[PDB]
Structure formats: C-alpha cells, structure tokens
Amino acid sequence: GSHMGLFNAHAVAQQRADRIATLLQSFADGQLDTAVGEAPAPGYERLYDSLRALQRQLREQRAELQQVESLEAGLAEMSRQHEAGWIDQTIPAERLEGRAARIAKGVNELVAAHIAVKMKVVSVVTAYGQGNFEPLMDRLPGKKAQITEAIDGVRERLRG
C-alpha cells in the first residue's frame, strides 16, 4: 500500500531467509537433534517440510557413518587380540546395527571357519601324538585340501 509496506515486506523476507540460513548452517555442524519450528507463513511450508526431511536424512546418515567408525575400531581391536593369539575375541556386533552389524558378524564368521579348521587339526594331531591313530582329518575343499592331505601324510608314517 505504501513505500513503507514494501520495505517492510522485504525486511521480513530477509529475516525469514536469514533463519533458514542459520538452520541449514546448524545442520552443517551436527545440530540435528533440535527440531526446526513451523514455517513462518504458507509460502514457506513446503520449504520447511524439506528442511525437516533433510535434518532427518542427515541424522540417520550420520548414525551409519558413526557405525562404520565403531566397526573399524572393533576390527582393529580384534586384529590386535588375534596377533597376540587371543583368538576367541570377536567384533561386538551387539552394539552395532544395520550394515555395520552384518559386516561384523561376517568377519567373525569368516575367521571362525578358519579357526574351526585349526581346532580339528590340533585335535587329531593330538590323538596322533598320544598314541591312537584311528581319527581322520576331515576332507577339505579347494586349497584347504592341502591341510587334509598333509595330515593324511603323517597319518601313514605313524600307522605303518
């Protein structure tokens, strides 16, 4: 209606924009818990809906990266334990979740299979060492077949 009304409309659009600016900034640096308020007026509702969606997306996305950060430490800790021979240590999948949690069990399961082969070897070789030669090393696939043939090799030497 007047020159003052125009100036005022602009001063308001400018501060509404400044608030959205402060908000996006508070996202750029982890402040993703404190919810955004409601839109200043009809024209900014869709915009504000997206801000909320964004905050939500950034929040979850940060949790997952945090996960992968816990995964690396756990793997590193397990690696250290195993180099010292403490092979019963595993990555704690219990406090992880989603993708990270699955990778952790994957690692524990992969090693468990390798350890299981050794458990069996330490076993029959222990029986071979203390007399009895009845036990036979399990048959293994691919390249692990060498373990089974090598154990058979010393199985004859003894038995005959």
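A residue's number is simply how far along the shown sequence it sits, counting from 1.
- The PDB entry records a higher mean C-alpha B factor for 123-131 than for its counterpart among 87-95 and 123-131.
- When the two stretches 23-31 and 102-110 are set side by side, the higher mean Cα temperature factor goes to 23-31.
- Annotation for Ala9, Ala17, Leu140, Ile151: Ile151 ranks highest, by Cα B-factor.
- Among the modelled residues of its chain, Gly43 has a C-alpha B-factor that falls in the lowest third, as given in the PDB entry.
- Per the PDB record, residue ranking by Cα B-factor puts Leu136 in the highest third of the chain.
- For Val36, the recorded CA B-factor ranks within the highest third of the chain. Only modelled residues enter the ranking.
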